[PDB]
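Chemist: Here you go, this is structure.cif (mmCIF, C-alpha atoms; chains and numbers go by the auth columns).
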```
data_entry
loop_
_atom_site.group_PDB
_atom_site.id
_atom_site.type_symbol
_atom_site.label_atom_id
_atom_site.label_comp_id
_atom_site.label_asym_id
_atom_site.label_seq_id
_atom_site.Cartn_x
_atom_site.Cartn_y
_atom_site.Cartn_z
_atom_site.B_iso_or_equiv
_atom_site.auth_seq_id
_atom_site.auth_asym_id
ATOM 1 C CA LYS A 1 5.436 2.617 8.467 0.00 1 A
ATOM 2 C CA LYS A 2 6.064 4.268 5.109 0.00 2 A
ATOM 3 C CA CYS A 3 5.753 2.207 1.933 0.00 3 A
ATOM 4 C CA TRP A 4 8.386 1.226 -0.595 0.00 4 A
ATOM 5 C CA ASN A 5 9.133 1.810 -4.287 0.00 5 A
ATOM 6 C CA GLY A 6 7.043 4.957 -3.902 0.00 6 A
ATOM 7 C CA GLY A 7 3.943 2.866 -3.188 0.00 7 A
ATOM 8 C CA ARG A 8 1.261 3.862 -0.675 0.00 8 A
ATOM 9 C CA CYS A 9 -0.836 2.384 2.150 0.00 9 A
ATOM 10 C CA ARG A 10 -4.475 1.474 1.493 0.00 10 A
ATOM 11 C CA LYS A 11 -6.882 -1.442 1.954 0.00 11 A
ATOM 12 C CA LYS A 12 -6.537 -1.501 -1.832 0.00 12 A
ATOM 13 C CA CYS A 13 -3.721 -0.871 -4.316 0.00 13 A
ATOM 14 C CA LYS A 14 -3.623 2.409 -6.214 0.00 14 A
ATOM 15 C CA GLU A 15 -4.299 2.311 -9.950 0.00 15 A
ATOM 16 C CA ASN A 16 -2.550 -0.841 -11.147 0.00 16 A
ATOM 17 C CA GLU A 17 -0.548 -1.396 -7.955 0.00 17 A
ATOM 18 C CA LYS A 18 0.676 -4.643 -6.420 0.00 18 A
ATOM 19 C CA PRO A 19 -0.230 -5.466 -2.755 0.00 19 A
ATOM 20 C CA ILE A 20 2.772 -5.549 -0.431 0.00 20 A
ATOM 21 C CA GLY A 21 4.054 -4.792 3.050 0.00 21 A
ATOM 22 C CA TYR A 22 1.785 -4.063 6.006 0.00 22 A
ATOM 23 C CA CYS A 23 0.053 -0.997 7.425 0.00 23 A
ATOM 24 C CA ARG A 24 -2.603 0.173 9.893 0.00 24 A
ATOM 25 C CA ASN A 25 -6.214 -0.947 10.213 0.00 25 A
ATOM 26 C CA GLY A 26 -5.865 -3.605 7.520 0.00 26 A
ATOM 27 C CA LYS A 27 -4.155 -1.258 5.071 0.00 27 A
ATOM 28 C CA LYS A 28 -1.030 -2.650 3.422 0.00 28 A
ATOM 29 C CA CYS A 29 1.755 -1.168 1.317 0.00 29 A
ATOM 30 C CA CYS A 30 0.834 -1.675 -2.282 0.00 30 A
ATOM 31 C CA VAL A 31 4.041 -1.168 -4.238 0.00 31 A
ATOM 32 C CA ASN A 32 3.194 0.142 -7.671 0.00 32 A
#
```
Could you take the file, read its structure, and then write that structure out as structure tokens?

Modeler:
Amino acid sequence: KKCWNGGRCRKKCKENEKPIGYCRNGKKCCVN
């Protein structure tokens, strides 16, 4: 369930990161 374009998984999107994909307990893949 790894993210894309080097993004990460969080209920929020890292500094200036766009919400994408899906992840556990609500957390999604925010692709930077």

Chemist: List as a ChimeraX atom specification the residues having at least one atom at most 6 Å from position (0.7, -4.2, 6.2) as given in the file, counting all atoms listed in the file.

Modeler: /A:21-23,27-29

Chemist: Find the spatial neighbours of segment 14-19 of chain A, counting all atoms listed in the file, within a cut-off of 9 Å - ignore same-chain residues fewer than 5 positions away - and output them as a PyMOL selection string.

Modeler: chain A and resi 7-9+28-32

Chemist: Could you give me the centre and size, in Å to one decimal, of an axis-aligned box around all listed atoms of segment 12-27 of chain A with 6 Å added on every side, as lines of an AutoDock Vina configuration file?

Modeler:
```
center_x = -1.2
center_y = -1.6
center_z = -0.5
size_x = 22.6
size_y = 20.0
size_z = 33.4
```
